[PDB]
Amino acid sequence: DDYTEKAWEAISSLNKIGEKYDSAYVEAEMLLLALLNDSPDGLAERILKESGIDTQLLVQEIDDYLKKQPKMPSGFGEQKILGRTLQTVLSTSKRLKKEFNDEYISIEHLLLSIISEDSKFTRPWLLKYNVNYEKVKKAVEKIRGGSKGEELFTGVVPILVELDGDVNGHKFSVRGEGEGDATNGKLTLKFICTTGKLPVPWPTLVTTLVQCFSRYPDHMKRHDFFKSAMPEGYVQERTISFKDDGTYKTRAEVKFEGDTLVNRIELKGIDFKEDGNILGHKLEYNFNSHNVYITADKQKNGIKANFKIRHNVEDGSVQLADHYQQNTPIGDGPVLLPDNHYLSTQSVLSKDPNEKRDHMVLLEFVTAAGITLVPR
């Protein structure tokens, strides 16, 4: 029991899988089956579909193969007998772990060893669908350098935002729809106030209304907490204190629902001045650019961020909105806890000439920076 937590769970499943197929022996392809039986976008499954493998097909054909194997009476002992290939798979996974300089043998090490050693089933199967050891190893190293969740953002992703707010007793809802393109750090959204007129300025809601669409450069992909928590998602909580005015508190969940990334928010604002800059709608319709400092919150397995938003006021002054933010993963899976870095944000606000409702069209561009280590 000196494997990764996920790896030993796969190994622990073998007897059960052996019993399912009435097998005396447990073999390499049963371990493969177990690795692919994680389910919620599991690592083994991600590695292989990143290699071009139809993992639904693979599973079905493992089942077929196993059902056709010669029947053997099982031994009296609870523990199934280790097959020759699986024995070699486990030995070579110790070599692979040492070659990655890792602490314990993980799913990646076991998967690579199966592909390397199983000449009976796995290796010839991949050859049929034109995939070899080195193609899979590169997929492993790619995911090693980031997270599984990162793969969910490689193309254009639909976005839904739903917010229910209550500011000084004025209740409103906002719905946003659009798409995100993390490859280019870009998002494009249109928001409407579904309940009527927005009782606060649109720019005060911009920060509340999906940092998983930030572009993290190659040298920083080990520091992208937001994508790593996907698809299960994260909780994002804020306090936003408007200087010499009221305060917002927000709680949101950011997560995939089907193939849509959803940001669902509750907002409560109190102590606002009825003719202050916010309730009096005295803020310009624009949004300045900010550098937001991100740090790992080790005890909560998340990140935190405090930052100062500057809103242009129509009298030529600046209205500060001081933000306090904490994020925590919804899932139980491993997440990336980042070195200190920052997100550089730039935002353009506009109107849709065809839209008659109270609305905001938003375009943002976000890139991560702040890490400059010795080139590797």
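The first residue of the sequence shown is number 1, and the count goes up from there.
Counting the deposited residues that fall between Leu209 and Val210 and carry no coordinates gives a value of 1 to 3.
Judged by mean Cα B factor in the deposited record, 121-129 ranks above the other of 258-266 and 121-129. Per-stretch averaging of Cα B factors for 238-246 and 146-154 places 146-154 on top. Considering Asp315, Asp322, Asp339, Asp38 together, the PDB entry gives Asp38 the largest C-alpha B factor. For the set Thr345, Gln326, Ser350, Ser51, the maximum C-alpha B-factor listed in the entry falls on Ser51.
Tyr104: CA B factor lies in the highest third for its chain, per the PDB record. Annotation for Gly180: C-alpha temperature factor in the lowest third relative to the rest of the modelled chain, per the entry.
In this PDB entry, the Cα temperature factor of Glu355 sits in the middle third of its chain's modelled residues.
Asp297: CA B factor in the middle third of modelled residues in this chain (values from the PDB entry). Annotation for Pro201: CA B-factor lies in the lowest third of the chain's modelled residues.
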